[PDB]
>>> print(open('query_20.cif').read())   # mmCIF, C-alpha atoms
data_work
loop_
_atom_site.label_atom_id
_atom_site.label_comp_id
_atom_site.auth_asym_id
_atom_site.auth_seq_id
_atom_site.Cartn_x
_atom_site.Cartn_y
_atom_site.Cartn_z
CA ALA K 106 19.25 -1.84 -2.93
CA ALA K 107 18.01 -0.41 0.37
CA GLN K 108 18.28 3.13 1.74
CA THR K 109 17.61 3.03 5.47
CA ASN K 110 15.98 6.00 7.22
CA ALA K 111 14.99 7.32 3.80
CA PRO K 112 12.52 10.19 3.47
CA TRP K 113 9.00 8.85 3.96
CA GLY K 114 8.08 9.64 0.36
CA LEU K 115 10.90 7.48 -0.97
CA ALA K 116 10.02 4.62 1.36
CA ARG K 117 6.37 4.94 0.28
CA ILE K 118 6.92 4.57 -3.50
CA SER K 119 8.61 1.26 -2.85
CA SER K 120 6.11 0.01 -0.28
CA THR K 121 2.72 -1.62 -0.47
CA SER K 122 2.10 -0.14 3.01
CA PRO K 123 2.57 3.29 4.58
CA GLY K 124 4.64 3.83 7.71
CA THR K 125 7.90 2.21 6.63
CA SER K 126 11.22 4.05 6.39
CA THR K 127 13.40 2.17 3.85
CA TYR K 128 13.71 2.88 0.14
CA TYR K 129 13.92 -0.24 -2.02
CA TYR K 130 15.06 0.14 -5.63
CA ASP K 131 16.97 -1.59 -8.37
CA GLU K 132 20.55 -0.34 -8.19
CA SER K 133 20.40 0.82 -11.83
CA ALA K 134 18.73 3.80 -10.15
CA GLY K 135 18.01 5.52 -13.45
CA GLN K 136 21.48 5.09 -14.98
CA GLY K 137 21.43 6.52 -18.46
CA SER K 138 18.12 8.36 -18.17
CA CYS K 139 17.61 12.12 -18.00
CA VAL K 140 15.17 14.28 -16.07
CA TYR K 141 14.72 17.93 -16.97
CA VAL K 142 13.66 19.91 -13.91
CA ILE K 143 11.76 22.86 -15.38
CA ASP K 144 11.63 25.22 -12.44
CA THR K 145 13.67 27.87 -10.61
CA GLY K 146 16.93 26.12 -11.50
CA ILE K 147 19.18 23.65 -9.71
CA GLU K 148 22.04 24.30 -7.34
CA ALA K 149 24.20 21.86 -9.30
CA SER K 150 27.06 22.27 -6.82
CA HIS K 151 25.03 20.64 -4.03
CA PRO K 152 26.99 17.57 -2.83
CA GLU K 153 23.74 15.59 -2.94
CA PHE K 154 23.82 15.73 -6.76
CA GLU K 155 27.36 14.30 -7.13
CA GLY K 156 27.96 16.20 -10.35
CA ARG K 157 24.87 14.66 -11.96
CA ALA K 158 22.94 17.96 -12.11
CA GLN K 159 23.71 20.91 -14.33
CA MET K 160 21.97 24.04 -15.54
CA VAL K 161 21.35 23.81 -19.27
CA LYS K 162 19.12 26.86 -19.79
CA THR K 163 17.85 30.01 -18.10
CA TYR K 164 15.66 32.88 -19.29
CA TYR K 165 16.76 35.32 -16.56
CA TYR K 166 20.03 37.06 -15.71
CA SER K 167 21.33 33.96 -13.88
CA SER K 168 20.83 30.22 -14.05
CA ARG K 169 21.38 29.76 -10.30
CA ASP K 170 18.37 28.70 -8.23
CA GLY K 171 17.97 31.73 -6.01
CA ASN K 172 14.71 30.20 -4.74
CA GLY K 173 15.24 26.56 -3.71
CA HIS K 174 12.07 25.05 -5.17
CA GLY K 175 13.85 23.75 -8.26
CA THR K 176 16.76 22.50 -6.17
CA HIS K 177 14.25 20.76 -3.94
CA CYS K 178 12.49 19.17 -6.91
CA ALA K 179 15.73 18.05 -8.55
CA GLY K 180 16.78 16.51 -5.25
CA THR K 181 13.63 14.40 -5.11
CA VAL K 182 14.19 13.26 -8.71
CA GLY K 183 17.78 12.18 -8.38
CA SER K 184 19.85 13.27 -5.41
CA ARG K 185 21.73 10.52 -3.61
CA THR K 186 19.84 10.50 -0.29
CA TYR K 187 16.67 12.36 -1.26
CA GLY K 188 16.09 11.13 -4.79
CA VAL K 189 14.06 8.43 -6.47
CA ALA K 190 16.50 7.94 -9.35
CA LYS K 191 19.85 8.27 -7.62
CA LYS K 192 21.86 7.77 -10.84
CA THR K 193 19.82 9.86 -13.29
CA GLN K 194 21.17 12.94 -15.05
CA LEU K 195 19.46 16.17 -13.98
CA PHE K 196 19.10 19.12 -16.37
CA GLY K 197 17.84 22.43 -15.01
CA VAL K 198 15.69 24.74 -17.10
CA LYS K 199 15.13 27.96 -15.16
CA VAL K 200 11.76 29.19 -16.35
CA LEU K 201 10.74 30.52 -12.92
CA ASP K 202 12.47 33.57 -11.48
CA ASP K 203 13.84 33.42 -7.96
CA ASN K 204 10.43 34.34 -6.51
CA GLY K 205 9.11 31.21 -8.23
CA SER K 206 7.14 33.16 -10.85
CA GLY K 207 7.43 32.96 -14.61
CA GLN K 208 5.41 34.18 -17.54
CA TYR K 209 3.55 31.47 -19.44
CA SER K 210 5.49 32.40 -22.58
CA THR K 211 8.83 31.72 -20.88
CA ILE K 212 7.40 28.47 -19.49
CA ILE K 213 6.23 27.49 -22.99
CA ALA K 214 9.63 28.29 -24.47
CA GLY K 215 11.26 26.16 -21.77
CA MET K 216 9.04 23.24 -22.77
CA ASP K 217 9.94 23.65 -26.43
CA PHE K 218 13.56 23.98 -25.35
CA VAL K 219 13.62 20.55 -23.70
CA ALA K 220 11.84 18.91 -26.64
CA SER K 221 14.81 19.95 -28.80
CA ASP K 222 17.54 19.98 -26.14
CA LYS K 223 17.10 16.24 -25.53
CA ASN K 224 18.73 15.75 -28.95
CA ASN K 225 21.87 17.38 -27.50
CA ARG K 226 22.02 15.02 -24.51
CA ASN K 227 22.97 11.38 -24.00
CA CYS K 228 19.86 9.74 -22.52
CA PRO K 229 19.82 6.22 -24.01
CA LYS K 230 17.30 5.07 -21.41
CA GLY K 231 14.85 7.92 -22.07
CA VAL K 232 14.00 11.47 -21.09
CA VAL K 233 11.76 12.78 -18.32
CA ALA K 234 10.67 16.36 -17.66
CA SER K 235 9.48 17.41 -14.21
CA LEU K 236 7.14 20.43 -14.25
CA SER K 237 6.57 21.46 -10.63
CA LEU K 238 4.74 24.61 -11.69
CA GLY K 239 1.34 25.70 -12.87
CA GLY K 240 -1.29 28.41 -13.10
CA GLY K 241 -4.78 29.01 -14.45
CA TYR K 242 -5.94 27.17 -17.54
CA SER K 243 -4.04 27.96 -20.75
CA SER K 244 -4.47 26.07 -24.00
CA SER K 245 -1.00 27.19 -25.10
CA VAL K 246 0.71 25.98 -21.93
CA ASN K 247 -1.30 22.77 -22.29
CA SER K 248 -0.31 22.40 -25.95
CA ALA K 249 3.35 22.99 -25.07
CA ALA K 250 3.26 20.19 -22.51
CA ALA K 251 1.55 18.00 -25.12
CA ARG K 252 4.31 18.82 -27.63
CA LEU K 253 6.97 17.98 -25.06
CA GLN K 254 5.18 14.70 -24.33
CA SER K 255 4.69 14.05 -28.05
CA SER K 256 8.40 14.72 -28.66
CA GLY K 257 9.30 11.60 -26.65
CA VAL K 258 9.72 13.10 -23.17
CA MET K 259 7.68 11.92 -20.25
CA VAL K 260 6.06 15.00 -18.81
CA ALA K 261 5.06 14.87 -15.16
CA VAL K 262 3.20 17.99 -14.04
CA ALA K 263 1.78 19.02 -10.69
CA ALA K 264 -1.99 18.91 -10.29
CA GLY K 265 -1.76 22.17 -8.35
CA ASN K 266 -2.13 23.13 -4.69
CA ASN K 267 -5.62 24.69 -4.88
CA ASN K 268 -7.71 21.81 -3.42
CA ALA K 269 -9.87 22.05 -6.52
CA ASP K 270 -10.40 20.26 -9.80
CA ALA K 271 -7.23 20.46 -11.89
CA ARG K 272 -9.32 20.97 -15.05
CA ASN K 273 -8.89 24.73 -14.50
CA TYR K 274 -5.08 24.66 -14.27
CA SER K 275 -2.25 24.31 -16.75
CA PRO K 276 -0.34 22.28 -17.56
CA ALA K 277 -2.17 20.13 -15.00
CA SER K 278 -5.23 19.78 -17.26
CA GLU K 279 -3.35 18.64 -20.38
CA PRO K 280 -4.55 15.01 -20.72
CA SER K 281 -1.56 13.56 -22.62
CA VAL K 282 0.98 14.40 -19.88
CA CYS K 283 1.05 12.93 -16.35
CA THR K 284 -0.84 15.08 -13.84
CA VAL K 285 0.38 14.22 -10.33
CA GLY K 286 -1.55 14.71 -7.10
CA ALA K 287 -0.05 14.76 -3.62
CA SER K 288 -0.51 12.38 -0.68
CA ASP K 289 0.80 12.45 2.87
CA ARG K 290 2.58 9.85 5.00
CA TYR K 291 -0.70 8.41 6.34
CA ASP K 292 -2.00 7.78 2.79
CA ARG K 293 -4.45 10.66 2.86
CA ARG K 294 -4.75 12.83 -0.20
CA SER K 295 -2.40 15.65 0.72
CA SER K 296 -4.73 18.23 2.15
CA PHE K 297 -3.92 20.92 -0.47
CA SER K 298 -3.82 18.56 -3.47
CA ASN K 299 -5.90 19.26 -6.56
CA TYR K 300 -8.03 16.41 -7.90
CA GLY K 301 -10.32 15.51 -10.79
CA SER K 302 -10.56 13.16 -13.72
CA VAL K 303 -7.40 14.64 -15.25
CA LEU K 304 -5.17 13.39 -12.42
CA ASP K 305 -3.26 10.25 -13.39
CA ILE K 306 -1.40 9.33 -10.21
CA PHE K 307 -0.57 10.44 -6.68
CA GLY K 308 2.90 10.86 -5.26
CA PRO K 309 4.15 11.74 -1.79
CA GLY K 310 3.53 15.45 -1.39
CA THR K 311 3.35 16.48 2.28
CA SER K 312 6.52 17.29 4.25
CA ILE K 313 8.96 16.03 1.61
CA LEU K 314 12.59 16.33 2.70
CA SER K 315 14.83 17.27 -0.25
CA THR K 316 17.84 19.37 -1.20
CA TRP K 317 17.78 23.11 -0.65
CA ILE K 318 19.93 25.95 -1.92
CA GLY K 319 22.98 26.86 0.10
CA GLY K 320 23.97 23.19 0.22
CA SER K 321 21.22 22.55 2.77
CA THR K 322 18.01 20.53 3.11
CA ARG K 323 14.45 21.22 4.17
CA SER K 324 10.99 19.69 4.22
CA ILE K 325 8.14 21.34 2.27
CA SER K 326 4.78 20.38 0.82
CA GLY K 327 3.03 20.60 -2.53
CA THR K 328 1.96 18.68 -5.60
CA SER K 329 5.18 20.32 -6.77
CA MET K 330 6.87 17.85 -4.38
CA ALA K 331 4.90 14.79 -5.58
CA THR K 332 5.75 15.45 -9.24
CA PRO K 333 9.51 14.73 -8.90
CA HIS K 334 8.61 11.50 -7.12
CA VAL K 335 6.81 10.43 -10.30
CA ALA K 336 9.37 12.03 -12.61
CA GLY K 337 12.13 10.11 -10.86
CA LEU K 338 10.06 6.92 -10.75
CA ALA K 339 9.62 7.18 -14.51
CA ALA K 340 13.34 7.65 -15.18
CA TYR K 341 13.89 4.69 -12.86
CA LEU K 342 11.38 2.58 -14.78
CA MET K 343 12.65 3.59 -18.22
CA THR K 344 16.22 2.67 -17.27
CA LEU K 345 14.88 -0.73 -16.16
CA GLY K 346 13.27 -1.20 -19.58
CA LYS K 347 9.82 -1.57 -18.03
CA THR K 348 8.23 1.35 -19.91
CA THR K 349 8.83 4.13 -22.45
CA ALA K 350 8.28 7.87 -22.33
CA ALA K 351 5.00 7.55 -24.25
CA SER K 352 3.63 4.92 -21.85
CA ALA K 353 5.35 5.71 -18.54
CA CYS K 354 2.47 7.65 -16.96
CA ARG K 355 0.05 4.78 -17.66
CA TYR K 356 2.48 2.04 -16.71
CA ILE K 357 2.93 3.87 -13.40
CA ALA K 358 -0.87 3.95 -13.11
CA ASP K 359 -1.23 0.28 -14.08
CA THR K 360 1.35 -0.74 -11.45
CA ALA K 361 0.26 1.71 -8.74
CA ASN K 362 -0.91 1.02 -5.20
CA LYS K 363 -4.67 1.00 -5.79
CA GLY K 364 -7.39 2.11 -3.40
CA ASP K 365 -4.97 2.94 -0.57
CA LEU K 366 -5.48 6.71 -0.28
CA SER K 367 -8.23 8.39 1.74
CA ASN K 368 -10.20 11.56 1.02
CA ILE K 369 -9.89 10.91 -2.72
CA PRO K 370 -12.94 12.62 -4.28
CA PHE K 371 -15.30 10.52 -6.37
CA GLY K 372 -14.13 10.53 -9.97
CA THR K 373 -10.44 10.96 -9.08
CA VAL K 374 -8.07 8.00 -9.43
CA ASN K 375 -7.00 6.30 -6.21
CA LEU K 376 -3.54 5.42 -7.47
CA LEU K 377 -0.26 5.92 -5.59
CA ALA K 378 3.03 5.76 -7.47
CA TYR K 379 4.79 2.51 -6.61
CA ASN K 380 8.05 1.21 -8.05
CA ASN K 381 6.96 -2.45 -7.69
CA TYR K 382 10.53 -3.38 -6.70
CA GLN K 383 11.00 -6.79 -5.11
CA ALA K 384 14.30 -6.95 -3.24
#
>>> encode(input="query_20.cif", output="structure tokens")
Amino acid sequence: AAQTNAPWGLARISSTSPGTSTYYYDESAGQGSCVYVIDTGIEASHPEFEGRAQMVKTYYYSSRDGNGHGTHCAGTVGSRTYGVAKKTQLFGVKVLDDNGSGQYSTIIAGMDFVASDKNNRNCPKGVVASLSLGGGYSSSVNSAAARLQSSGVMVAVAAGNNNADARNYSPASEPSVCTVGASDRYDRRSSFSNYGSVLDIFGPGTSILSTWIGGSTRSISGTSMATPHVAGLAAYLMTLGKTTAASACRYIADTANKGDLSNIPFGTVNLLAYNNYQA
């Protein structure tokens, strides 16, 4: 399948070269997989989600995304125009309030929630969790992401937008999950992107056009925007039978576009998420 005039990030994950504008993907498109977007929530009523997104859990007075960040992330995972996995199921876990802030303890509980909630969902092709959040290092936030990973969910987390080593950020520094950096349309490490030996992969992260609350769209930047590119890619790959939750991060790294990004600090992987789809 081919989505013309796709967002550059979508065209990039399916391209060996930058500068193209067409998504290419297997039409299975993540049928039968599930991606939890652990964030500010999802505007499930957005027409771009086609009834494939729903709020399954909030820790605040409402489960609506009064922020947009979670709606933006969910849209990159699996919206129809904006999404990597256009047929995945999206589950929203609102651990971040509408200013985008959440206590670590709520974030931890949201990670334990998904690790059990997946047993209440129909995801025969596998489960992904997209964690476009993070803060300073926390062994308990790290261990919660490890538990979620260990439970059979791919966890993709943002490296962080500090332009530093992600070793000092959680859950970015948890080695067993998939720590995602950000790159821009010219295949430079997204200016803001964290780095370090803990990073597994890079996704498109600068000026990513996705869904926005109020039924709208907008373009924003962040390793929080690269993470749903990898979360969606994983759901896409699991549906195709190419990898499992336990090995998705790695498979994505094994099959990545290698040595194509610039301003990648020594010691950080030069891997760009690539769906390896041949039309």
>>> resolve_selection(input="query_20.cif", expression="the PyMOL selection byres ((chain K and resi 205) around 10)", output="list in words")
residues 144, 145, 146, 170, 171, 172, 173, 174, 175, 199, 200, 201, 202, 203, 204, 206, 207 and 238 of chain K
>>> write_last_selection(input="query_20.cif", atoms="C-alpha atoms", output="PDB file, in the coordinates of the input")
ATOM      1  CA  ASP K 144      11.630  25.220 -12.440  1.00  0.00           C
ATOM      2  CA  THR K 145      13.670  27.870 -10.610  1.00  0.00           C
ATOM      3  CA  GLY K 146      16.930  26.120 -11.500  1.00  0.00           C
ATOM      4  CA  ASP K 170      18.370  28.700  -8.230  1.00  0.00           C
ATOM      5  CA  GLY K 171      17.970  31.730  -6.010  1.00  0.00           C
ATOM      6  CA  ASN K 172      14.710  30.200  -4.740  1.00  0.00           C
ATOM      7  CA  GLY K 173      15.240  26.560  -3.710  1.00  0.00           C
ATOM      8  CA  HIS K 174      12.070  25.050  -5.170  1.00  0.00           C
ATOM      9  CA  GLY K 175      13.850  23.750  -8.260  1.00  0.00           C
ATOM     10  CA  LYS K 199      15.130  27.960 -15.160  1.00  0.00           C
ATOM     11  CA  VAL K 200      11.760  29.190 -16.350  1.00  0.00           C
ATOM     12  CA  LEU K 201      10.740  30.520 -12.920  1.00  0.00           C
ATOM     13  CA  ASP K 202      12.470  33.570 -11.480  1.00  0.00           C
ATOM     14  CA  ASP K 203      13.840  33.420  -7.960  1.00  0.00           C
ATOM     15  CA  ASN K 204      10.430  34.340  -6.510  1.00  0.00           C
ATOM     16  CA  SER K 206       7.140  33.160 -10.850  1.00  0.00           C
ATOM     17  CA  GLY K 207       7.430  32.960 -14.610  1.00  0.00           C
ATOM     18  CA  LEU K 238       4.740  24.610 -11.690  1.00  0.00           C
TER      19      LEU K 238
END
>>> resolve_selection(input="query_20.cif", expression="the PyMOL selection byres ((chain K and resi 158) around 12)", output="JSON, numbers by chain")
{"K": [139, 140, 141, 142, 146, 147, 148, 149, 150, 151, 152, 153, 154, 155, 156, 157, 159, 160, 161, 175, 176, 178, 179, 180, 182, 183, 184, 185, 191, 192, 193, 194, 195, 196, 197, 198]}
>>> resolve_selection(input="query_20.cif", expression="the PyMOL selection byres ((chain K and resi 123) around 7)", output="ChimeraX atom specification")
/K:117,120,122,124-125,290-292
>>> atom_distance(input="query_20.cif", atom1="CA of residue 374 (chain K)", atom2="CA of residue 138 (chain K)")
27.6 Å
>>> residues_around(input="query_20.cif", residues="residue 335 (chain K)", least_positions_apart="3", cutoff="7 Å", atoms="only C-alpha atoms", output="PDB file with C-alpha atoms, keeping the file's coordinate frame")
ATOM      1  CA  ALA K 261       5.060  14.870 -15.160  1.00  0.00           C
ATOM      2  CA  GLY K 308       2.900  10.860  -5.260  1.00  0.00           C
ATOM      3  CA  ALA K 331       4.900  14.790  -5.580  1.00  0.00           C
ATOM      4  CA  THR K 332       5.750  15.450  -9.240  1.00  0.00           C
ATOM      5  CA  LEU K 338      10.060   6.920 -10.750  1.00  0.00           C
ATOM      6  CA  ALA K 339       9.620   7.180 -14.510  1.00  0.00           C
ATOM      7  CA  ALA K 378       3.030   5.760  -7.470  1.00  0.00           C
TER       8      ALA K 378
END
>>> build_atoms(input="query_20.cif", residues="region 162-187 of chain K", atoms="N, CA, C and O atoms", output="short mmCIF file (atom, residue, chain, number, x, y, z; two decimals), keeping the file's coordinate frame")
data_model
loop_
_atom_site.label_atom_id
_atom_site.label_comp_id
_atom_site.auth_asym_id
_atom_site.auth_seq_id
_atom_site.Cartn_x
_atom_site.Cartn_y
_atom_site.Cartn_z
N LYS K 162 19.92 25.79 -19.19
CA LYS K 162 19.12 26.86 -19.79
C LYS K 162 18.46 27.73 -18.74
O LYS K 162 17.85 27.23 -17.79
N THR K 163 18.58 29.05 -18.90
CA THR K 163 17.85 30.01 -18.10
C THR K 163 17.33 31.11 -19.01
O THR K 163 17.88 31.36 -20.08
N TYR K 164 16.26 31.76 -18.57
CA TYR K 164 15.66 32.88 -19.29
C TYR K 164 15.81 34.19 -18.53
O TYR K 164 15.25 35.21 -18.94
N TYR K 165 16.55 34.18 -17.43
CA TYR K 165 16.76 35.32 -16.56
C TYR K 165 18.26 35.60 -16.49
O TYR K 165 19.06 34.92 -17.13
N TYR K 166 18.64 36.61 -15.71
CA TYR K 166 20.03 37.06 -15.71
C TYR K 166 20.98 35.97 -15.23
O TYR K 166 22.16 35.98 -15.60
N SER K 167 20.50 35.03 -14.42
CA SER K 167 21.33 33.96 -13.88
C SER K 167 20.61 32.63 -14.02
O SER K 167 19.39 32.57 -14.08
N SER K 168 21.40 31.56 -14.05
CA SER K 168 20.83 30.22 -14.05
C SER K 168 20.85 29.58 -12.66
O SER K 168 20.29 28.49 -12.49
N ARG K 169 21.48 30.22 -11.68
CA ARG K 169 21.38 29.76 -10.30
C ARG K 169 19.93 29.76 -9.83
O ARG K 169 19.12 30.62 -10.21
N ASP K 170 19.62 28.79 -8.98
CA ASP K 170 18.37 28.70 -8.23
C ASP K 170 18.50 29.62 -7.02
O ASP K 170 18.99 29.22 -5.97
N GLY K 171 18.06 30.86 -7.17
CA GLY K 171 17.97 31.73 -6.01
C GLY K 171 16.73 31.53 -5.17
O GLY K 171 16.46 32.32 -4.27
N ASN K 172 15.96 30.48 -5.45
CA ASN K 172 14.71 30.20 -4.74
C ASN K 172 14.80 28.97 -3.86
O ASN K 172 14.53 29.05 -2.65
N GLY K 173 15.17 27.82 -4.42
CA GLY K 173 15.24 26.56 -3.71
C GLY K 173 14.26 25.53 -4.21
O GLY K 173 14.55 24.32 -4.14
N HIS K 174 13.12 25.97 -4.73
CA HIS K 174 12.07 25.05 -5.17
C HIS K 174 12.59 24.09 -6.23
O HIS K 174 12.38 22.88 -6.15
N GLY K 175 13.28 24.62 -7.24
CA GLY K 175 13.85 23.75 -8.26
C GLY K 175 14.92 22.83 -7.72
O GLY K 175 15.02 21.67 -8.12
N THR K 176 15.76 23.35 -6.81
CA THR K 176 16.76 22.50 -6.17
C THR K 176 16.08 21.41 -5.35
O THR K 176 16.53 20.26 -5.33
N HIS K 177 14.99 21.76 -4.68
CA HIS K 177 14.25 20.76 -3.94
C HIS K 177 13.67 19.70 -4.86
O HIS K 177 13.79 18.50 -4.59
N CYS K 178 13.08 20.12 -5.97
CA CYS K 178 12.49 19.17 -6.91
C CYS K 178 13.55 18.27 -7.52
O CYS K 178 13.38 17.04 -7.60
N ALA K 179 14.65 18.86 -7.99
CA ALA K 179 15.73 18.05 -8.55
C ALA K 179 16.24 17.03 -7.55
O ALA K 179 16.56 15.89 -7.91
N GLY K 180 16.30 17.42 -6.27
CA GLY K 180 16.78 16.51 -5.25
C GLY K 180 15.86 15.32 -5.06
O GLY K 180 16.33 14.21 -4.78
N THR K 181 14.55 15.52 -5.19
CA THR K 181 13.63 14.40 -5.11
C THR K 181 13.75 13.50 -6.34
O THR K 181 13.61 12.27 -6.23
N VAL K 182 14.01 14.08 -7.51
CA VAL K 182 14.19 13.26 -8.71
C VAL K 182 15.41 12.37 -8.58
O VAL K 182 15.32 11.14 -8.74
N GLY K 183 16.57 12.96 -8.30
CA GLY K 183 17.78 12.18 -8.38
C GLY K 183 18.95 12.52 -7.48
O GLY K 183 20.09 12.21 -7.84
N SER K 184 18.72 13.13 -6.32
CA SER K 184 19.85 13.27 -5.41
C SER K 184 20.17 11.91 -4.79
O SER K 184 19.42 10.93 -4.95
N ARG K 185 21.29 11.83 -4.09
CA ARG K 185 21.73 10.52 -3.61
C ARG K 185 20.90 10.04 -2.41
O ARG K 185 20.60 8.85 -2.30
N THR K 186 20.51 10.93 -1.51
CA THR K 186 19.84 10.50 -0.29
C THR K 186 18.33 10.68 -0.36
O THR K 186 17.57 9.94 0.29
N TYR K 187 17.93 11.61 -1.23
CA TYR K 187 16.67 12.36 -1.26
C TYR K 187 15.90 12.02 -2.53
O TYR K 187 14.72 12.37 -2.66
#
